[PDB]
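Residue numbers (PDB author numbering), protein chains in the order written: chain A, 31 to 378; chain B, 31 to 378.
We put the CB at the ideal spot given by N, CA and C, even for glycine.
Number of protein chains: 2
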Amino acid sequence: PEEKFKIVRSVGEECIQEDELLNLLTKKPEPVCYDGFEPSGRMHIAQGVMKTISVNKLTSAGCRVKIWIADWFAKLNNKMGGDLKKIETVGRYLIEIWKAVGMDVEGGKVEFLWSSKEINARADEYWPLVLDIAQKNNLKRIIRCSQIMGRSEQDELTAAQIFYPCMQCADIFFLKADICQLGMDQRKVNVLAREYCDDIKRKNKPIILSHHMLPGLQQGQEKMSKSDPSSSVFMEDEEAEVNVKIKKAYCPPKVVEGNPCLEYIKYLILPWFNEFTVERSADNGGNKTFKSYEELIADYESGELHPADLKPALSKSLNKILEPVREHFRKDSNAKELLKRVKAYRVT
Amino acid sequence: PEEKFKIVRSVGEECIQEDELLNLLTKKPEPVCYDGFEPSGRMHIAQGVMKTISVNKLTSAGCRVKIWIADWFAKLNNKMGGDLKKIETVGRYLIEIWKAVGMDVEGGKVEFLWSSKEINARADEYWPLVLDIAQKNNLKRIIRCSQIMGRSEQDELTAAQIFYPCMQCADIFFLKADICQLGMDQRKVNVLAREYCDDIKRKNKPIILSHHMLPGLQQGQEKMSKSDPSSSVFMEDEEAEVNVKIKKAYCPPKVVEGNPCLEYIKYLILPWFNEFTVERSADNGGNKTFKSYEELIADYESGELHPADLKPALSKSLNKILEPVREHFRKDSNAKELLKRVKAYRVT
RNA sequence: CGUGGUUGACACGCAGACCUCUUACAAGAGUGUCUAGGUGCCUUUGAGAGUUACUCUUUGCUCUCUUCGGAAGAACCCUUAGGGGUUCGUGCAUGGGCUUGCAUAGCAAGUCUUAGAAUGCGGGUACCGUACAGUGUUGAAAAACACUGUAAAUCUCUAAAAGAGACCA
């Protein structure tokens with residue numbers, strides 16, 4: 031009904047043709063949305079938790095979700111070298127993260143799909159699609175759509191940088207994915223898919239749900255920073271590491287925009303616990319719970335929410351979120367082996 | 031061994047790593063030979079005659095020639111609108127030409143492999159190799175490999191132009207190919223495959239055996255252009271068409287450099303009949319048979335051989351060469367339908 | 001290509017095209033044949049998102065609603081069908097006088113006739129004619145008739161371009 035649109039649209043901060051989203055929800059009972067991941071080692075906090083809450087919201091409406099875990103795409107991005115077995119291991123690490131935190135696996139309605147497996151299974155239907163998308167486009171469009179890897183950087187042009195966007199755009203139609211829920215970076219390949227769908231004269235163009243970019247822990251880079259372990263926070267970071275990283279995290283008081291701590295709160299813990307408690311002394315306002323981001327930012331502007339006590343509360347909340355994962359690795363031996371391997375590898 | 035090297039080197043104008051070719055013949059008694067064709071437009075006299083004599087000499091010397099029908103590749107070049115069905119009909123019509131002319135298919139040493147029936151059968155180890163050749167190369171090197179499609183760097187780029195060289199360089203290894211016969215048009219791909227073998231430290235570097243492509247029948251055209259059917263001879267042309275084309279051909283008196291007729295003779299008739307019988311009247315020397323190119327070129331430089339009689343003899347020889355194709359097309363209703371379907375298609 | 005002349009042709013010369021020869025296309029010559037079109041009708045509504053990307057202006061491109069409908073028309077379905085429904089299939093500028101710049105009546109400043117379709121050019125469109133491609137029939141070759149198309153068939157075949165500031169106009 032209207033509830034499906036009212037909860038689905040909340041997942042993506044920006045969407046195009048939301049009327050098409052409503053039409054899709056009304057026409058189809060089980061829409062299919064995907065998510066693309068390059069297994070670049072240890073998991074980012076954004077992909078870990080923001081994606082988890084987003085997919086929980088989407089499956090609350092019953093929308094089918096497919097995990098488009100992308101190994102050959104990681105090879106194109108040249109993450110952890112050109113090797114494939116290590117990429118497969120870190121990919122199954124990501125799957126174990128999904129199961130350990132608890133995402134939707136209890137229902138089994140989600141689908142973890144390896145790019146290699148699905149592409150090889152239906153190559154005759156996938157690769158001709160890739161070639162068609164390539165033919166319908168030129169180098170200028172694909173080079174424009176290069177930020178999806180993040181390797182554009184006004185750097186040396188690469189053939190992988192050209193095979194990437196077409197190959198990703200093929201995934202949308204290959205998975206019969208009618209809902210695209212990805213980061214702001216993937217919006218370029220989503221727009222490319224829309225243009226190609228217009229060119230192929232096929233209606234029901236897939237809708238895009240671009241959720242907000244999660245800032246790094248420190249000022250200097252608004253987008254994701256997976257090249258600096260200090261600048262981001264990960265799932266296998268221990269309690270002491272998480273706490274010290276958040277204490278070192280940038281957080282200027284009397285600031286609304288550009289504060290990574292507030293963004294982490296709003297996009298991670300408020301949708302998770304449906305609330306947020308801040309512990310303070312009897313002279314600083316005492317322990318207080320918050321139910322909305324608006325009141326939290328209003329009190330932060332008021333100054334009663336000092337960062338010096340906000341960051342410990344944020345650390346406690348994130349530790350509460352991530353402790354089921356850590357307990358899962360101390361119970362599962364396979365999880366222990368995977369963590370040992372993925373910690374052994376170095377990001378290159 | 032030595033005779034095999036002599037025969038195989040006799041067909042290619044340029045041969046890189048001749049010693050490696052000799053070693054390959056010494057070890058492998060039936061080295062595999064690769065040559066590709068995008069089924070686009072109508073067969074030129076080159077791909078019909080030089081390829082026929084090349085395959086004949088290679089099989090007689092002992093080889094296993096793997097010929098490629100590039101159906102998907104033609105779709106990338108935007109040939110005949112990219113319809114796979116239109117490309118397929120042109121492929122089986124080409125196969126009919128090749129069987130008519132004298133391909134030694136009876137020995138079983140020639141296999142007509144179509145890209146679609148082969149890539150779909152093995153895409154789990156072909157496409158990943160395409161991704162590998164993608165990563166190992168940068169975009170600028172691929173752009174330098176643009177003479178392959180006939181698109182100059184001034185001409186607007188296209189993602190098909192980046193997909194194409196990567197897939198065919200991948201073909202050079204996917205077919206387990208050892209020999210590439212394709213002429214100066216494919217030299218960029220040849221050297222790129224060699225440099226990739228250097229990058230992937232391959233121990234079997236493929237040999238380059240580029241043919242000499244015929245100069246166009248116009249002024250300054252070093253290769254025939256199918257976009258202008260008046261500058262090339264086609265395999266299915268009728269005796270009147272061949273005769274008028276040769277009559278309108280260019281052949282300056284007592285000049286060898288850039289003479290299309292001399293190249294036609296050298297690469298088509300002398301390798302075919304082991305001679306070139308020219309019938310002349312008693313006023314200018316009477317009938318004369320040439321057993322080698324050297325005597326013919328010496329006579330031409332002397333001026334005693336006049337193009338006025340050279341051209342009709344060339345026309346008669348070409349008609350004798352091409353009459354099996356016409357007979358095969360006329361005798362078979364299926365061949366007739368294929369021929370009329372091919373001509374029906376317009377030049378793109 | 002006109003004139004004696006029915007589009008087209010024929011007397012006549014030339015124009016172009018096709019063919020042959022001197023075979024190098026070039027340059028010239030030869031005796032040949034052909035050239036095509038006509039008719040009738042429509043064609044200016046806006047907004048919106050994406051699209052150079054760093055924005056803004058001029059825009060161009062698809063693009064979904066909406067429209068005095070992207071029409072005159074083509075395709076299909078219902079089909080007692082007189083009719084109805086769906087899809088494809090759309091043009092760009094200028095104008096003429098009223099008050100002024102101007103001697104009130106060129107061009108511009110305020111409206112104007114959805115477009116006087118008013119003015120020119122252009123899109124496809126339906127029909128006829130000619131020839132050709134192909135098919136069948138009447139067929140002794142030849143020829144005649146009917147039908148499907150061609151003539152008027154292809155460059156952002158790959159939608160982004162210009163400018164002005166910012167960091168790159």
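Chain B contact for residue i (CB, 9 Å cutoff)
| i | result |
| --- | --- |
| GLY112 of chain A | yes |
| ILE117 of chain A | no |
| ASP154 of chain A | yes |
| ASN108 of chain A | yes |
| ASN304 of chain A | no |
| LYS57 of chain A | no |
Contacts around residue i, its chain only, beta-carbon distance under 6 Å, and the 5 residues preceding and following it disregarded
| i | result |
| --- | --- |
| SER240 of chain A | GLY42, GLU44, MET214 and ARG217 |
| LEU205 of chain B | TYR64 and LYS96 |
| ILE299 of chain B | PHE306 and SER347 |
| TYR194 of chain A | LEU106 and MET179 |
Any C-beta of chain A under 9 Å from that of residue i
| i | result |
| --- | --- |
| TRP144 of chain B | no |
| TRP102 of chain B | yes |
| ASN86 of chain B | no |
| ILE99 of chain B | no |
| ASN349 of chain B | no |
| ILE149 of chain B | yes |
Residue i to residue j span [Cα, whole Å]
| i | j | result |
| --- | --- | --- |
| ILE83 of chain B | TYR297 of chain B | 9 Å |
| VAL377 of chain A | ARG360 of chain A | 24 Å |
| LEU54 of chain A | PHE103 of chain A | 29 Å |
| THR319 of chain A | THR89 of chain A | 28 Å |
| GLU60 of chain A | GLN191 of chain B | 39 Å |
| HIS358 of chain A | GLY137 of chain A | 19 Å |
| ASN168 of chain B | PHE264 of chain A | 32 Å |
| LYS373 of chain B | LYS116 of chain B | 11 Å |
| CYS210 of chain A | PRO236 of chain A | 7 Å |
| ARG39 of chain A | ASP201 of chain B | 46 Å |
| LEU52 of chain A | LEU244 of chain A | 27 Å |
| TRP98 of chain B | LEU212 of chain B | 11 Å |
| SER262 of chain B | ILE127 of chain B | 17 Å |
| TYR226 of chain A | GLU186 of chain B | 19 Å |
| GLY92 of chain A | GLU141 of chain A | 13 Å |
| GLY78 of chain B | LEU369 of chain B | 15 Å |
| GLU48 of chain A | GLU155 of chain A | 29 Å |
| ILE351 of chain A | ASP329 of chain A | 24 Å |
| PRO282 of chain B | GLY333 of chain B | 11 Å |
| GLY111 of chain B | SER70 of chain B | 10 Å |
| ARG232 of chain B | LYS231 of chain A | 45 Å |
Close-in-space but distant-in-sequence residues of the same chain around residue i (CB under 7 Å, 5 per side omitted)
| i | result |
| --- | --- |
| residue 452 of chain A | There is simply no residue 452 of chain A to check, as chain A begins at 31 and stops at 378 in what is shown. |
| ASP229 of chain B | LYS166 |
Residue i, buried or exposed, once every other Cβ within 10 Å from all chains shown has been counted against 16
| i | result |
| --- | --- |
| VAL131 of chain A | buried |
| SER322 of chain A | exposed |
| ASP208 of chain B | buried |
| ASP162 of chain B | buried |
| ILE238 of chain A | buried |
| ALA164 of chain A | buried |
| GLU266 of chain B | buried |
| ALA343 of chain B | buried |
| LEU114 of chain B | exposed |
| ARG174 of chain B | exposed |
| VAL355 of chain A | buried |
| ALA270 of chain B | exposed |
| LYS109 of chain B | buried |
| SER345 of chain A | buried |
8 Å CB neighbourhood of residue i in its chain, flanking five on each side removed
| i | result |
| --- | --- |
| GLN249 of chain A | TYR280, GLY288 and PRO290 |
| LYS366 of chain B | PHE359 and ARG360 |
| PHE303 of chain B | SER347 |
* Residues from the stretch 178-189 of chain B in contact with chain A, defined by Cβ distance under 8 Å -> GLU186, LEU187, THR188 and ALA189
* Quick one: which residues of the stretch 157-181 of chain B get their C-beta closer than 9 Å to a C-beta of chain A? List them in chain order. => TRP157, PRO158, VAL160, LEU161, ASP162, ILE163, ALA164, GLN165, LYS166, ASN167, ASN168, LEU169, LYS170, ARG171, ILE172 and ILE173
* Asked: When Cβ atoms are compared, which residues of the stretch 188-219 of chain A fall closer than 8 Å to chain B?
  -> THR188, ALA189, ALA190, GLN191, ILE192, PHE193 and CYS196
* Got a sec: which bits of the stretch 225-247 of chain A sit with their beta carbon under 9 Å from any beta carbon on chain B, in order along the chain? -> none
* Return the residues of the stretch 306-324 of chain A that lie within a Cβ-Cβ distance of less than 8 Å from chain B, sorted by chain order. => none
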